[PDB]
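The numbering of the sequence shown is the entry's author numbering, which starts it at 81 and goes up by one. Ideal placement from N, C-alpha and C gives every residue a C-beta, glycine not left out. Have a look at the structure below before the remarks.
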Amino acid sequence: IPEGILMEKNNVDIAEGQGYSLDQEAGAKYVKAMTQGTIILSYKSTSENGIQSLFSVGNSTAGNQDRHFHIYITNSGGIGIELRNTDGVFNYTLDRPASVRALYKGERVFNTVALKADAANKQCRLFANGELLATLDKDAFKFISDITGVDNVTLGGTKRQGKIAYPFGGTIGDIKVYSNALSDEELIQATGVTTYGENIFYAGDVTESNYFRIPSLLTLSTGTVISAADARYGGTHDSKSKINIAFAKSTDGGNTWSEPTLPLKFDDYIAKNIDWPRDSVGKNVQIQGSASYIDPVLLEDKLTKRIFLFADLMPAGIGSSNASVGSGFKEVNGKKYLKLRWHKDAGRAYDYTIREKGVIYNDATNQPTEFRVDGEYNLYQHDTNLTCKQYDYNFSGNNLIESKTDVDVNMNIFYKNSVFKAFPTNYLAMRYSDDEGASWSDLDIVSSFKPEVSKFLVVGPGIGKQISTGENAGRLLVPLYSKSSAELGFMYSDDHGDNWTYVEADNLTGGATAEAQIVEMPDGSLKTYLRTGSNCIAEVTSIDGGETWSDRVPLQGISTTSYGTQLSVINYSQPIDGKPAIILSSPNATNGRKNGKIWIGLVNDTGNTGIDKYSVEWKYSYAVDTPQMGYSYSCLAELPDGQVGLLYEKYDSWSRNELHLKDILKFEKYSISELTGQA
Ligand SMILES: CC(=O)N[C@H]1[C@H]2O[C@@](C(=O)O)(C[C@@H]1O)O[C@@H]2[C@H](O)CO
Numbered sequence: 081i082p083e084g085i086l087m088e089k090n091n092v093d094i095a096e097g098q099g100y101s102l103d104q105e106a107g108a109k110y111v112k113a114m115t116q117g118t119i120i121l122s123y124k125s126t127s128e129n130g131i132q133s134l135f136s137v138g139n140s141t142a143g144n145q146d147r148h149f150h151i152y153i154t155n156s157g158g159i160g161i162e163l164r165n166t167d168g169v170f171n172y173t174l175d176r177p178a179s180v181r182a183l184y185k186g187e188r189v190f191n192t193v194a195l196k197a198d199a200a201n202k203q204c205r206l207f208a209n210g211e212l213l214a215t216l217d218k219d220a221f222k223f224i225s226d227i228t229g230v231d232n233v234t235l236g237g238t239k240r241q242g243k244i245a246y247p248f249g250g251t252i253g254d255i256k257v258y259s260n261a262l263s264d265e266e267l268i269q270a271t272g273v274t275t276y277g278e279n280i281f282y283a284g285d286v287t288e289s290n291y292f293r294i295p296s297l298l299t300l301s302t303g304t305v306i307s308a309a310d311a312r313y314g315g316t317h318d319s320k321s322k323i324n325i326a327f328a329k330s331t332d333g334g335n336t337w338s339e340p341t342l343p344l345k346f347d348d349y350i351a352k353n354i355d356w357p358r359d360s361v362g363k364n365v366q367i368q369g370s371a372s373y374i375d376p377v378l379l380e381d382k383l384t385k386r387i388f389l390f391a392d393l394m395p396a397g398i399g400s401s402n403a404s405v406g407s408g409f410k411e412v413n414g415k416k417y418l419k420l421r422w423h424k425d426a427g428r429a430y431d432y433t434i435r436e437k438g439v440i441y442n443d444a445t446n447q448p449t450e451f452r453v454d455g456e457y458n459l460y461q462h463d464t465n466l467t468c469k470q471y472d473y474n475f476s477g478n479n480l481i482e483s484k485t486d487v488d489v490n491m492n493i494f495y496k497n498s499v500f501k502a503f504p505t506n507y508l509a510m511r512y513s514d515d516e517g518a519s520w521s522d523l524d525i526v527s528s529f530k531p532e533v534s535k536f537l538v539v540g541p542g543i544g545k546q547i548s549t550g551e552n553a554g555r556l557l558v559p560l561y562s563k564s565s566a567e568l569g570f571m572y573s574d575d576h577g578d579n580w581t582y583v584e585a586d587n588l589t590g591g592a593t594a595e596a597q598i599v600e601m602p603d604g605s606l607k608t609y610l611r612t613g614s615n616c617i618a619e620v621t622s623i624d625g626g627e628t629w630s631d632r633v634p635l636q637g638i639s640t641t642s643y644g645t646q647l648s649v650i651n652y653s654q655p656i657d658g659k660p661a662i663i664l665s666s667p668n669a670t671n672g673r674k675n676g677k678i679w680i681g682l683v684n685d686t687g688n689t690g691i692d693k694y695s696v697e698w699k700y701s702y703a704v705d706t707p708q709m710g711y712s713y714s715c716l717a718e719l720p721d722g723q724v725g726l727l728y729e730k731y732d733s734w735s736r737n738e739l740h741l742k743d744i745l746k747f748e749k750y751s752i753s754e755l756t757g758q759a
C-alpha cells in the first residue's frame, strides 16, 4: 500500500438510499486493505434518515451484514464509526452526540469530519468542525485489513446483504483517504474550515472548566454585552458537584469576548480541566463533598447602571434534590441571622449565629465567640484566618476518589471540613458591580426570607427585570421557584438592590421546576412565562408590580415536554409589524430537548382592563436547525445593532446519553428580518 492519498473525490451528489460506488477508483484495491489510515470528508446532509453512513468499506454479501467499517452521522447531530467483522471477532465503536449540525440560518450547511486510525499508537480518533470529539484505545488494534471478504468501497451508505443500509442523502463535498495517520494538529486545522456560531466560554479557557451550562446573556444600557454560565467542572451534573459561575463581556456588539472571570466560586475543591467518563457506569458518578454555585441570573438597574449577578449557593455536598427543609436562619432579637453548627456538637445542633460585623455568637449564652467571618464567609479565630486542605478528584476505575492535597485554602462556612458549618439547605447569593465586571462587591446572601417550611427556594436562570413605567417604575425583580407553600415566586427590590422582598405567586406545594422569565407590558404590568411540571408553558400576569399574580394559563400553540425545559423571553425595544413585541426561545419537541425555535409575540390591547388587558399573538416561529437537533437552555438579548443574540445549549441536557459533552454552549445572532421569515 503506497504512502499518502489512496483515493480522493470531489462534489459527489448522492440520492437518498442510492449511495455511490467507489469500486472503480484506481486506489480501491488499497482502500479495501488498509491496515490503518485517515479519512477526511466534507458533506452536506439533506436527509432526515436516522443513521447516515458517509463512507464505508466492507463485505456486501449474504450473511456478512456485520462485516464492515463506516463513518456515519445521525439526524440528531451525532457522529461515529463502527469497525466490524461480526461480534465474535470484533465490534469496535466510537461516537459523540451533538457533534455536527444540519441547518444554519435557514440553509443546509457543510460539516467537515475526520477519522484517524493510528496503528502505531493503537488509537482511533474522531474530529469535526475543528475539534477532537472522541478517542478509542484498543490493545488489539484492527482496521479494514481485518474485515473478512471486503468487496466494496461506498459513499452515502453501507452495503449489507446487497442493500444500502444507513442511507445518506445530500452531497459529499470532498473526501480524501490516506494510508498514513495524519497528526491531530493537521486534522483540527483541516476540519476547522467549517464552524457555525461562536463560543464565549470553552474547554481550555482560564476558567479551567471543561463543561458549561445554564446560559445568561444581557445587553447593558451602555452597549456592553455581558454573559454568565455555570462552569461545571465534574461533568455536566447539577449541584452536589463542583460548579462556579463564569462571566465574560463584549464591547464590540457581541463579536469578541473578554477572558472569562469567576465572580462566584468556592475553593474547597480544585478547579481543573478533567474528562468525565461517558460510559454507562462512570457517567452517573458526581462529586460528593464540594460546595458550589448554580443557575445564574444577570440584571441591570438602568437608573444606577449597576449590574447584579445572582445564583444558588449550595453548601458542601448539597443540591436542590437533597437540600434540608428550613431557612438556614435563626431569629434572635427579632432579626434573622445565619445559623451555624460547631463541628463537635450533635449532628443537628445549630446553636450559633453570624451577627453584626461577621461576629459568631453562642446563642445559648448570647455571648460573642472568638470566631468571626469576613465578607466572603471565611472563618477567623482571633483575627487569624483559618485554613483547611483543598480536595482533588480523580477516577480510579469507575470510582471517583476525592482526596485532600497539601494546598491550603481559607476555611469557609459552606465547606465540609469547616469547624463551623452552615445549615444544609440552599441559599440565594448575589454580588453587584459598578464597573461592568472589573470588580464585584462582597458576597450578599439575600435568602433570609426563605420559608422555614421550604426544602429549596432557587432562581429561575437567565435574566431579571426592572419595571420601566407606571407606579412601580424602578422596581427590580428576580424570578424564583420552590418546594414549599408556593412553587413560582419572586423577590423584588424598591431600593436598587439594597433590600429584597419575597412573593409567593401561587399555592402549589409540588415543587416542580417552575423556572420563569419576566416581560413588561406597555403600561408597566408584567407577564411571566414559566416551565411547569405539565405538558405546557404557563403564563401569569401581575397588575401590581409583581406583588400578586393571576392563575396559570397554558401558553396555547407552543409545544413542550412534561418534564419541561427553561425558556427565555425578552422585551424587544422596537415595534414589529407596528406592535410592541416580545421574543421567546425554547426547544419545541414534546419529548427530548430538541427542535429549538425563536418566536415573536405581538402585544395586543384587547380593550379590557386589569389582567385581561393584553393578549400576545405568537405570530412568528423560527427553527434554528432541524427537528432532531439538540436544543436546551437558552438566553436571548437584543444587541446594540438591531440583532437578537442567542446563547444556548446545542444538545439535549436532560438526556442520559448526552451528558459530559464539551463546547456545546453556542452564541448566534439573528436579524428581525431573518426571524420573521422575511429572508
Ligand atoms: C437548582 C437546580 O438543580 N437546577 C437544575 C434543575 O434544572 C435542570 C434541568 O436541566 O432541568 C438544570 C438546572 O441547573 O436540572 C435540575 C433538575 O431539573 C431539578 O430541578
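| Query | Result |
| --- | --- |
| Going by beta carbon distance, what residues of the same chain come within less than 6 Å of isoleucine 387, once the five residues before and after it are set aside? | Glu380 and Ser513 |
| DSSP three-state label for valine 377, please. | strand |
| So, is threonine 445 buried or exposed, given that buried needs 16 or more other C-beta atoms within 10 angstroms? | exposed |
| Go ahead and label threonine 467 buried or exposed: buried means 16 or more other beta carbons lie within 10 angstroms of its beta carbon, across all protein chains shown. | exposed |
| Give, in chain order, every unbroken run of the beta strand (DSSP E) that is at least 3 residues long and sits entirely within the stretch 447 to 516. | 447 to 453, 459 to 461, 467 to 476, 479 to 490, 500 to 502 and 507 to 513 |
| Mind reading off the beta-carbon distance from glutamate 162 to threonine 173? Whole number of angstroms is fine, and I expect it under 8 Å. | 5 Å |
| As a quick exercise: from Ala717, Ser714, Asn675 and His148, pick the residue whose alpha carbon is nearest that of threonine 166. | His148 |
| Is the beta carbon of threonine 593 within less than 7 Å of some heavy atom of ligand 1? | yes |
| Quick check on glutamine 723: does DSSP put it in helix, strand or coil? | coil |
| Alpha carbon to alpha carbon, how far is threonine 274 from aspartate 624? Give it in angstroms, no decimals. | 51 Å |
| Can you tell which of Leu459, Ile525, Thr612 and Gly590 has the C-alpha that lies nearest to the C-alpha of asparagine 579? | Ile525 |
| Given a cut-off of 8 Å, decide if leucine 537 and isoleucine 493 are closer than it, judged by their beta-carbon atoms. | no |
| Determine, using beta-carbon pairs with one atom in the stretch 131 to 141 and one in the stretch 226 to 242, whether at least three such pairs fall under 8 Å. | yes |
| Cβ-heavy atom distance between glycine 333 and ligand 1 below 7 Å? | no |
| Pairs of beta-carbons, one from the stretch 611 to 631 and one from the stretch 685 to 702, closer than 8 Å: are there three or more? | yes |
| Can you tell me which residues form a DSSP beta bridge with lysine 416? | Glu411 |
| Expressed to the nearest angstrom, what Euclidean distance is found between the alpha-carbon atoms of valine 583 and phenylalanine 747? | 33 Å |
| Buried or exposed: which applies to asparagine 737, given that a residue is buried once 16 or more other Cβ atoms fall within 10 Å of its Cβ? | exposed |
| At what residues does the beta strand (DSSP E) containing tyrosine 441 begin and finish? | 439 to 442 |
| In chain order, what residues of the same chain lie with their CB nearer than 6 Å to the CB of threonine 581, ignoring the 5 residues before and after it? | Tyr572 |
| Which first and last residues belong to the alpha helix (DSSP H) in which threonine 271 is found? | 264 to 271 |
| Using the three-state DSSP reduction, which class does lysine 109 fall into: helix, strand or coil? | helix |
| For the alpha helix (DSSP H) that contains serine 753, what are its first and last residues? | 752 to 755 |
| Quick check: the stretch 274 to 291 against the stretch 349 to 368, are there 3 or more CB pairs under 8 Å? | yes |
| Looking only at its own chain, which residues have a Cβ that is under 6 Å from the Cβ of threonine 505, when we skip the five neighbours before and after it? | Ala403, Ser404, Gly406 and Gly408 |
| Could you tell me if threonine 271 is buried or exposed, where buried requires 16 or more neighbouring beta carbons within 10 angstroms of its beta carbon? | buried |
| Out of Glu266, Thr126 and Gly186, which one is the CA nearest neighbour of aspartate 93? | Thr126 |
| With a 10 Å radius around its C-beta and 16 neighbouring C-beta atoms as the bar for buried, classify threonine 336 as buried or exposed. | exposed |
| Kindly indicate which residue of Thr756, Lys256, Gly569 and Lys419 has the alpha-carbon position closest to the one of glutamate 595. | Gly569 |
| Measuring only from the beta carbon, is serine 733 closer than 7 Å to any heavy atom that is part of ligand 1? | yes |
| Counting pairs of beta carbons, one from the stretch 702 to 717 and one from the stretch 627 to 644, are three or more of them closer than 8 Å? | no |
| Go to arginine 632, then tell me how far its beta strand (DSSP E) extends in each direction, as first and last residue. | Taken as a continuous stretch (DSSP letters only), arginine 632 belongs to no beta strand (DSSP E), as it is neither H nor E. |
| How many angstroms separate the CA atom of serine 101 from the CA atom of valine 233? | 6 Å |
| For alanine 391, is the classification buried or exposed, using 16 other Cβ atoms within 10 angstroms of its Cβ as the cut-off for buried? | buried |
| How many Å lie between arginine 611 and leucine 560 at the Cα? | 12 Å |
| With respect to the beta strand (DSSP E) encompassing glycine 117, which residues constitute its N-terminal and C-terminal limits? | 117 to 125 |
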